[PDB]
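One structure is given here, and the rest of the page talks about it.
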Amino acid sequence: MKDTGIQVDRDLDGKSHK
Amino acid sequence: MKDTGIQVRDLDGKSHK
Amino acid sequence: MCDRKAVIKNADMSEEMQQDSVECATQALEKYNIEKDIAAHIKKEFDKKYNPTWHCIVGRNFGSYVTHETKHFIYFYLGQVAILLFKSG
Amino acid sequence: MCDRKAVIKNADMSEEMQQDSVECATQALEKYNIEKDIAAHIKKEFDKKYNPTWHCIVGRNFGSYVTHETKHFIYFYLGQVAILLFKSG
């Protein structure tokens with residue numbers, strides 16, 4: 001089995017807010 | 001067997017907390 | 001007009017499954033519009049049809065690590081939110 | 001170089017396991033200080049010792065759904081970041 005790896009952290013704050 | 005459920009707050013950032 | 005959007009990043013599964021997940025995820029947003037719920041819908045729907053166990057992740061700032069057999073792994077951003085899905089067995 | 005508060009919320013695993021994960025997680029921060037890296041090293045260690053397959057996620061803004069065998073689930077906040085760990089087999 002292949003180990004999935006990721007690290008999301010998009011600064012899509014823009015006008016609104018994450 | 002049981003399906004885990006979650007939905008994570010700006011603990012730390014620009015505003016700082 | 002938009003249909004079957006979402007950008008692929010970690011493709012690794014049958015075209016139908018990946019396209020169904022993307023479309024299925026899109027609907028989830030339309031019906032719930034919540035990263036948490038999105039995983040719930042796609043999770044049970046696939047586990048029921050394709051059989052478990054499909055793991056799902058959705059958000060906009062989170063580190064993840066998991067294991068999975070070959071030909072069962074997919075990841076793609078959509079609706080200003082990253083989505084992940086892949087069965088395990 | 002081991003002690004750490006960390007709050008538990010979804011306790012669902014042997015005390016020692018959860019304690020080892022919490023303590024092991026602490027070391028991860030000091031050794032790596034990264035949500036992804038921490039989850040990677042800790043996941044492998046537990047799989048090797050307790051046997052696969054452990055799933056780990058860490059961050060502070062993400063919705064998710066996953067399946068797992070009984071007594072194989074744990075969740076707790078620490079280091080200003082939500083920590084998740086749970087094996088399946």
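Ligands are numbered from 1 in the order shown, residues from 1 within each chain, and chains are lettered A, B, ... in the order they appear in the structure tokens.
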Each residue of chain B lying at most 6 Å from chain D should get a row with its shortest atom-to-atom pair and the distance in Å to one decimal, counting only C-alpha atoms; could you produce that, ordered by chain and increasing number, as JSON lines?
```
{"residue": "B:1", "atom": "CA", "partner": "D:69", "partner_atom": "CA", "distance": 4.1}
{"residue": "B:2", "atom": "CA", "partner": "D:67", "partner_atom": "CA", "distance": 5.6}
{"residue": "B:3", "atom": "CA", "partner": "D:67", "partner_atom": "CA", "distance": 3.9}
{"residue": "B:4", "atom": "CA", "partner": "D:66", "partner_atom": "CA", "distance": 5.1}
{"residue": "B:5", "atom": "CA", "partner": "D:65", "partner_atom": "CA", "distance": 4.8}
{"residue": "B:6", "atom": "CA", "partner": "D:64", "partner_atom": "CA", "distance": 5.5}
{"residue": "B:7", "atom": "CA", "partner": "D:63", "partner_atom": "CA", "distance": 3.8}
{"residue": "B:8", "atom": "CA", "partner": "D:61", "partner_atom": "CA", "distance": 4.5}
{"residue": "B:11", "atom": "CA", "partner": "D:80", "partner_atom": "CA", "distance": 5.7}
```
Once chain C is fitted onto chain D over all Cα atoms in order, please give the RMSD.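 Across all paired C-alpha atoms, the RMSD is 1.3 Å.
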Quote the spacing between CA of residue 57 in chain D and CA of residue 54 in chain C in Å to one decimal place.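 These atoms are spaced 15.6 Å apart.
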Show me, as a list in words, every residue of chain A with an atom at most 10 Å from chain D, counting only C-alpha atoms.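 Filtering chain A at 10 Å from chain D with only C-alpha atoms gives residues 1, 3, 4, 5, 6, 7, 8, 9 and 18 of chain A.
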Could you go through chain D and tell me which residues DSSP, when run on the backbone, assigns to strand (DSSP E or B), listing them as a ChimeraX atom specification? /D:7-8,12,54-59,62-66,73-78,81-87
Should the cut-off be 12 Å, what would the residue list for chain B against chain A look like, counting only C-alpha atoms, as number ranges by chain? B: 8-10, 13-15
For the residues in that selection, give me N, CA, C and O atoms as a short mmCIF file (atom, residue, chain, number, x, y, z; two decimals), in the first residue's frame.
```cif
data_model
loop_
_atom_site.label_atom_id
_atom_site.label_comp_id
_atom_site.auth_asym_id
_atom_site.auth_seq_id
_atom_site.Cartn_x
_atom_site.Cartn_y
_atom_site.Cartn_z
N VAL B 8 -12.43 20.73 11.95
CA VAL B 8 -11.62 21.79 12.55
C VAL B 8 -11.70 23.06 11.70
O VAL B 8 -11.58 23.01 10.48
N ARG B 9 -10.66 26.60 13.34
CA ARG B 9 -10.32 27.65 14.30
C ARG B 9 -8.90 28.17 14.08
O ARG B 9 -7.96 27.39 13.95
N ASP B 10 -8.77 29.49 14.05
CA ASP B 10 -7.48 30.14 13.85
C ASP B 10 -6.69 30.21 15.16
O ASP B 10 -6.34 31.29 15.62
N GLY B 13 -2.32 32.79 14.24
CA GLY B 13 -2.14 33.39 12.93
C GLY B 13 -1.98 34.89 13.01
O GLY B 13 -1.28 35.40 13.88
N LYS B 14 -2.63 35.61 12.09
CA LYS B 14 -2.55 37.06 12.07
C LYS B 14 -3.14 37.65 13.35
O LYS B 14 -2.54 38.50 14.00
N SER B 15 -4.33 37.17 13.70
CA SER B 15 -5.02 37.64 14.91
C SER B 15 -4.33 37.12 16.16
O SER B 15 -4.33 37.77 17.20
#
```
Kindly indicate which residue among C:15, C:77, C:27, C:56 lies nearest to chain D, using only C-alpha atoms for the distances.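 Closest to chain D, using only C-alpha atoms: C:56.
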Students should find that CA of residue 83 in chain D and CA of residue 30 in chain D are spaced 15.0 Å
